[PDB]
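Okay, structure first, notes after.
Readers should treat all values here as calculations from the given coordinates under stated rules, not as data from a laboratory. Here the Cβ positions follow ideal geometry from the backbone for every residue, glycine too, while neighbour counts run over all protein chains shown.
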Amino acid sequence: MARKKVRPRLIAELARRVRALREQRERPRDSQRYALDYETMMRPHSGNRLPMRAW
Amino acid sequence: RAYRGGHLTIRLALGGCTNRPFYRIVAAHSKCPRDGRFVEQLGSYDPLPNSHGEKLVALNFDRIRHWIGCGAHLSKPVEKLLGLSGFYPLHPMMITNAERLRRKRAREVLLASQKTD
Amino acid sequence: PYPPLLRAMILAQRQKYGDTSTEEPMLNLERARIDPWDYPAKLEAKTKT
Amino acid sequence: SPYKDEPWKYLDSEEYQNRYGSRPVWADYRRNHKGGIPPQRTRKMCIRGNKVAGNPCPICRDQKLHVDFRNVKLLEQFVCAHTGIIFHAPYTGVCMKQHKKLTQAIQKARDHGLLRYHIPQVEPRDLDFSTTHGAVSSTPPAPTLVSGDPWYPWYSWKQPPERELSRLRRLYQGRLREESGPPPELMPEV
Amino acid sequence: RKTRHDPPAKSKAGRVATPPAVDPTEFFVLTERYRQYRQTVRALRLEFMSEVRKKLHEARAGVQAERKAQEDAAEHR
Amino acid sequence: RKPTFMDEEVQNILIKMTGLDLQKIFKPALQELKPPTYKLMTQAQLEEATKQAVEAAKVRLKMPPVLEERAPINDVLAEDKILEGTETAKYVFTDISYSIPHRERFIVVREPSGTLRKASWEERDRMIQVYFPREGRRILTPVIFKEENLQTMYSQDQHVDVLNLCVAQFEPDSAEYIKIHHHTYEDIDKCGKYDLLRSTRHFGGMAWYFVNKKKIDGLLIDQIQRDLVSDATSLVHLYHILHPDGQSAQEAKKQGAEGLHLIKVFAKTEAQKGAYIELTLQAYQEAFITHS
Amino acid sequence: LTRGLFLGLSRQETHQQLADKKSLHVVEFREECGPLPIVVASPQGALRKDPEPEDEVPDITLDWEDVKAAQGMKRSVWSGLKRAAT
Amino acid sequence: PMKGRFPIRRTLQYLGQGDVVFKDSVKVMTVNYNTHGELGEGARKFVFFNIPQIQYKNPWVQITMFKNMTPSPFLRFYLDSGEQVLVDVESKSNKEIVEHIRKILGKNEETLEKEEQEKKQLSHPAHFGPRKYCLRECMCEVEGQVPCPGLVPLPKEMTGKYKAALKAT
RNA sequence: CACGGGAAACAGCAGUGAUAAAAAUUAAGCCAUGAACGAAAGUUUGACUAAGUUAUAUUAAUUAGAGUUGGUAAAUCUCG
RNA sequence: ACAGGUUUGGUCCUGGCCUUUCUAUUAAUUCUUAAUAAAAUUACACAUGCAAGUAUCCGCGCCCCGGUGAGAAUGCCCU
Ligand SMILES: [Mg+2]
Ligand SMILES: [Mg+2]
Ligand SMILES: [Mg+2]
Ligand SMILES: [Mg+2]
Ligand SMILES: [Mg+2]
Ligand SMILES: [Mg+2]
Ligand SMILES: [Mg+2]
Ligand SMILES: [Mg+2]
Ligand SMILES: [Mg+2]
Ligand SMILES: [Mg+2]
Ligand SMILES: [Mg+2]
Ligand SMILES: [Mg+2]
Ligand SMILES: [Mg+2]
Ligand SMILES: [Mg+2]
Ligand SMILES: [Mg+2]
Ligand SMILES: [Mg+2]
Ligand SMILES: [Mg+2]
Ligand SMILES: [Zn+2]
Ligand SMILES: [Zn+2]
């Protein structure tokens, strides 16, 4: 809240902007995203493994 | 404290002392600690059977249905309690576990008359 | 049917206000319709009204 | 002590009367301590096994005194006359053990009415007493109950269609378990 | 509990959950039970939401609320 | 139109027979004391304070209700055979809502047998106590009401205190409340101890009991030896109200009986001991007429 | 201390003395006896018909100690202490 | 409290026992009085005795005094609507002023009792918790129930230790 | 503050160095409550439950040792 | 505070210091067994193990619980 001496945090804004930008620019093509390794049953992108029942 | 998300819920807080459990039925935010802050106290449930062989449950029915009416969510054990009371239909899982229990008694009956032989 | 206690509460509640009708209290499931889990959910963001 | 079963006897005896007079049992006893203000709770217990400790209490110095719920003439001394409250242990000077003993005794005694205390006038619990309301009075049994049926159709176990069972069997294949039939009606014991 | 940024264990690494044995009969029965039960309770829940609509509207814009308002205004003048 | 304990007739008769004794009504109580207060009054202000005190003592005198016994509650709300062996104990469900009257709360019980029934009376009261405790009630029924302890308390003549315990502990329409009030009345009758309840709020109780049980002997005799005959005649009057058709009440209509003569009427026709009544009436009449 | 004490106690004004100088009944209200007006002293001689002037707000010297006691601002660890009998 | 002219009016009791409670329409009460004149007397005693009582029970209402502006004593009340109540207090007694104000914008004893009734239904008897908010903490302390093992140690069977040492063997 | 930069993080449970007058298990379970996810049976959870350790505190008994003896302030004799 | 000791050859006054009560940590000396509660030098550095997954793929969860009191006169109560 408001205390009369409160400091102006600048970098708080900078990091928001920059993160949103690097998010939009590096936003993954779903071609590589859902790409799947059929031997290991493992996503390269997320490092996630698929549930046993879906094999 | 400020949270990101999560819903209103009716659950059991666990009060008690080691080996002697006790529960405060409670309407609380979901993301807050079990025994912690709550919105409103609803009832109490004492699991240990007393002098008369009763488990005491207390339900503030008016307030309970006020909150259900605001879309609060129930815990599986609160569901089981209401159902037992008859304020909700039996929870399917109560019924099923009952059946399983019956079949266990059956197979132990047969195993008993098989071992006796 | 209403569940056993709730039915009792409603019965007694209408006896108190002088409504004698013994017509059974009934719970209306028309709006309780829910789609099975297989039914696909819409990915489209909701317009707030 | 010879008295035992009849403790009250010792209070009417001539040696009691001789020893204590009409004063209370504790009137002449003084607790020994380090300064102006005594320690806020008395010595724990003044007899450990065979050893009787120092300058013993009013109650434990005279072994013929018995604390029961029964002798009111003894217990009466440890309650205020006017205020009907029990003296704290320092006031009298009894040891904590006997003070607790006393408290419990005076309790039992009041609970058998052998000793007097204040019973307030209280109203009745209810404003208007009417046995009319549904809660207390019999309800018109639901049409499910009269017949002998389960309150809902689905409390009862109903055998599934074979097409559906086979369908499941296809879905969960190899992860399957032994199919189970109807549940036994009533549950037997050991 | 762990955090978004706390790397998973090395043992848990090559492991994914193993689902339980399915008893087809009991399981079907159960699914029906749940569908019904949830229907009933959805009904009940709607019943109660309505009750709250009523009570709120009644203790806001209802009869005696207006009586209070008018009477107090008049007393005041 | 069978006369009831709350009928203005019977209320006025009993209020009258009770009597206001301001020294017994307001009696030093064993509670924690605080130093007294002093004010300076006229004769006027003193009379006013006394009259206020009297009105207060009226409220202190308000009779605890008398009710006939309540009917046992047996109602099954449901039977679920499926739950049968699932629990060893019973669940007891108490609606607790701050608005609801305690005679209207729902108290439900799931048994091990699976049936969901309404709670019995005693269970119900015990339960209400648990969740809405009010001082003077123990949940477990106190030892003092066993016959032994009760007899002990009658021998120290605490009868007032017993009645008060009882009013706090049990419920006026209960089985125990009625059992204990009647057993107590019975004991003040066996011993002739009636004056113990005199300026008590409990007087009309044994009045209404003795009228309906048709023992007025002891209470008439007592009332006359205390040199209160206005009360003895109010009492026979009451007896007549609650037994409109009976030989005494009818003969009092025939002979057109004045109060003292009314007591004579009753002495002749109905009362079990006419010897003591006539003798005491004799002694009172003669001795009083010669003294004043 | 003992001079002061005896002086003080000597100068007590009895209820009868008070009754007589004001010429009224002095009436004692116990708390345990309720509203019942115990009459302690009566003015031998002729009682007034005149009520005492009612002072809405009295002017009395107050001791800050008693006021502090009444309002629960005395927190001293030495005051509540359990002591032996008189 | 010793210092002061009428020390009893600095006591919590005296402040409590004054009864006026404004309606919620009242925001500002302004007193205007004089330091002299016989007529003004009552108003002065009002400022001396009751203003403290009043304020204490209406802590959110700005009260403001002005001395020797007008030839005559008065109160003015400023309400939320913009309405302005003007009360001429002239030869009126201290008491009469308090009563007349209580009459105009007070709260009926009915109102006050309803309010305090809504505040006393706030702490429910059947709940459990910290001594501050509740009558009981555990249910360990209700008569028929199972007692806090910190008092009466449990039968060995109900102990989890015993159950575990049983299942092990 | 965290784009960047020092640099490579237990102020999660246990542990350990250092440091301080200051010293709990590198333990067992998800059986109960809670939480996450699942349509669901259910799975996971060092939250927690039940245990381990410790005179820190209460209580209960199986347990006797400490301090003090000029006055305040209960209690002393003979030697050095 | 129900107070007590101590200024002086002595008395009174004024005025400090201390005693008597209650709790917690640590230490010394002593220590039999249970139960319950509580567990605390360190915002210094950390070996090893574990603390977040579920789920027919998407998704949804992942300092929420738990930890700590470093910082800030922060802030309490209330719009
Ligand atoms: Mg995933
Ligand atoms: Mg605990
Ligand atoms: Mg940072
Ligand atoms: Mg650690
Ligand atoms: Mg971390
Ligand atoms: Mg170390
Ligand atoms: Mg430590
Ligand atoms: Mg060590
Ligand atoms: Mg779990
Ligand atoms: Mg689980
Ligand atoms: Mg584990
Ligand atoms: Mg000097
Ligand atoms: Mg000297
Ligand atoms: Mg000094
Ligand atoms: Mg240590
Ligand atoms: Mg925290
Ligand atoms: Mg700073
Ligand atoms: Zn002793
Ligand atoms: Zn407990």
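What whole number of Å gives the distance from the Cα centroid of the range G:1-59 to the Cα centroid of chain C?
74 Å
Quick one: C:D19, F:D161, F:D95, fewest Cβ neighbours within 10 Å first, how do they rank?
C:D19, F:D161, F:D95
Under a 5 Å amide H to amide H cut-off, with H placed in plane at 1.01 Å, what residues pair with F:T115 once short-range neighbours are removed?
Amide H neighbours of F:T115, under 5 Å, 5+ apart: F:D80.
So how far, in whole Å, is the C-alpha centre of the range H:26-50 from the one of the range F:1-35?
Here the answer is 50 Å between Cα centres.
Mind checking the range F:1-42 for trypsin sites (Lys or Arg not before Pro) that DSSP puts in a loop (not H, G, I, E or B) and that have at most 14 other Cβ atoms within 10 Å?
Sparse-neighbourhood loop trypsin sites (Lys or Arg not before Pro): F:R1.
With the radius of gyration and the Kirkwood radius both derived from the Cα set of the range F:39-157, what is their ratio Rg to Rh?
1.22
In nm, give the distance between the simple-model label positions of E:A13 and F:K214, each being 7 Å from the Cα along the Cα-to-Cβ direction.
Label at E:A13, label at F:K214, 10.1 nm between them.
For a quick check, take a GNM of chain E with Cα springs below 10 Å and name the residue from E:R42, E:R53, E:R67 with the largest mean-square fluctuation.
With Cα springs under 10 Å in chain E, the top fluctuation among E:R42, E:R53, E:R67 is at E:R67.
Could you work out the relative contact order of the range H:11-169? I mean the mean sequence separation of Cα pairs under 8 Å and 6+ apart, divided by the number of residues, in percent.
Contact order relative to length: 22 percent.
Which of these, F:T18, F:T200, F:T152, has the largest mean-square fluctuation under a Gaussian network model of chain F (Cα springs below 10 Å)?
The residue with the greatest mean-square fluctuation here is F:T152.
Can you classify the protein assembly as shown as rounded, prolate or oblate using the Cα gyration tensor, where a ≥ b ≥ c are the square roots of its eigenvalues, rounded means a/c under 1.5, and otherwise it's prolate if a/b beats b/c and oblate if not?
Prolate shape, in that a/c is at least 1.5 and a/b is the bigger ratio.
Quick one: grab the alpha carbon gyration tensor of chain B, order the square roots of its eigenvalues as a ≥ b ≥ c, and give me rounded if a/c is under 1.5, else prolate or oblate depending on whether a/b is larger than b/c.
The shape class here is prolate.
Assign one of three labels to chain H, namely rounded, prolate or oblate, based on the Cα gyration tensor with a ≥ b ≥ c the square roots of its eigenvalues; rounded applies when a/c is under 1.5, prolate when it is not and a/b is larger than b/c, and oblate otherwise.
Prolate.
Using θ = phi - 60° and the Karplus curve 6.51 cos²θ - 1.76 cosθ + 1.60, what whole-Hz ³J(HN,Hα) does each residue of the range H:22-27 get, with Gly and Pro shown as x?
Each residue of the range H:22-27 in turn: 5, 6, 8, 6, 6, 10 Hz.
Looking at this model, which pairs from F:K27/F:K62; B:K76/H:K120; D:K51/D:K100; F:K190/F:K273; D:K64/D:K108 are more than 24 angstrom apart at the alpha-carbon?
Result: B:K76/H:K120 exceed 24 Å.
What is the mean number of Cβ atoms from other protein chains located within 10 Å of the Cβ atom of each residue in peptide E:13-23, rounded to a whole number?
Taking the mean over all residues of the peptide, I get 4.
Compare D:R43, D:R70, D:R167 in a GNM of chain D, Cα atoms joined below 10 Å, and give the one with the largest fluctuation.
Comparing D:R43, D:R70, D:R167 in a Gaussian network model of chain D, the most mobile one is D:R167.
What 222 nm value per residue comes from the helices of chain B, counting each DSSP H run with n ≥ 4 as -39,500 (n - 2.57) and dividing by all residues, nearest 500 deg cm²/dmol?
Calculated mean residue ellipticity at 222 nm is -12000 deg cm²/dmol.
Which of F:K268, F:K146 comes first, and how do the rest follow, when ranked by fewest Cβ neighbours within 10 Å?
Taking fewest neighbouring Cβ atoms as first place, the list is F:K146, F:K268.
In whole percent, what relative contact order does chain D give with Cα contacts below 8 Å and a gap of six or more residues?
Dividing the mean separation by the residue count of chain D yields 18 percent.
If contacts are Cα pairs under 8 angstrom and at least 6 residues apart, what is the relative contact order of chain F in percent?
19 percent
For every other residue with a beta carbon closer than 11 angstrom to the beta carbon of F:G136, add +1 if it is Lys or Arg and -1 if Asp or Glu, then tell me the sum.
Spelling it out: positives minus negatives among the neighbours equals +2.
Peptide D:105-114: average number of partner chain Cβ atoms within 10 Å per residue?
4
Tell me, what is a quarter of the convex hull surface for the C-alpha atoms of chain F, in nm² with one decimal?
Average projection, Cα convex hull of chain F: 23.2 nm².
What Rg and what Dmax come out for chain C when only alpha-carbon atoms are used, in angstroms?
18.9, 52
Taking Cα centroids, how far is the range F:144-209 from the range B:50-78 in Å?
Distance between centres, Cα-based: 41 Å.
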